[PDB]
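Two forms of a single protein chain come next, each set out by itself as structure tokens; they are called structure 1 and structure 2.
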Structure 1
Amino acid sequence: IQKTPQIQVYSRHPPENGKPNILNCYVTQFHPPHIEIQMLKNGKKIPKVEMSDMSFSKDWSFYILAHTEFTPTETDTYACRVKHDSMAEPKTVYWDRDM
């Protein structure tokens, strides 16, 4: 049947407040390919998000990478929100600084 996405949210480099960085949302192991991915800053969709082409895995699933430039601060929250038919509602995964 439908396969549920695995979602990994991570920065390129160890985060330092006030230093520009790249935030990534890597979504894997989903089927069918229809999916909606948003990267969020304080709950608001980030307008400048780059999406890789979607690829297919030999384990019978699709994967894709969203990323954006960001500057971490003490108070800003970042997340990736993923809507897929395998799930009853969109899943929000927070960037975890305790990472």
Structure 2
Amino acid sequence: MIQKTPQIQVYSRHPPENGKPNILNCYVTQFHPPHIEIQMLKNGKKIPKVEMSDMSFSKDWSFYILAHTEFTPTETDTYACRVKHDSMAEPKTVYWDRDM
């Protein structure tokens, strides 16, 4: 009976450059319970196919998931990972990157 707090890794699949149709990725690790609120935004909204990967857990019982989809790189209308989880009293999120 313990609650591990999620570690979110915002990041692009490739280096920065608008135009290419591919797959966009997010990485949540180290949480418990496995019930997590995570879906892919867009400026500040939604996405039709938040392809959130199939869940998994580690040797130490903590869960990890890969929040992915398909997108087409953009500019200064940045993106983020929509993350909520029973581990913290408040929800949280960090913002995409061209470089990272």
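Numbers follow structure 1, counted from its first residue as 1. Rigid core (definition): largest C-alpha set, two forms, superposition within 1.5 Å. Residues that one form lacks are left out of the comparison.
Relative to the superposed rigid core, the position of the CA of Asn21 differs between structures 1 and 2 by 2 Å or more. Annotation: Cα of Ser55 displaced by less than 2 Å between structures 1 and 2, core superposition. For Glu89, the Cα shift between structures 1 and 2 is 2.2 Å when the rigid core is held fixed in the overlay.
With the core fitted, the CA of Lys45 sits 1.4 Å away from its counterpart between structures 1 and 2.
Under a 2 Å criterion for C-alpha shift, the consecutive stretches of 3+ residues that differ between structures 1 and 2 after core superposition lie at 17 to 23, 68 to 75, 96 to 99.
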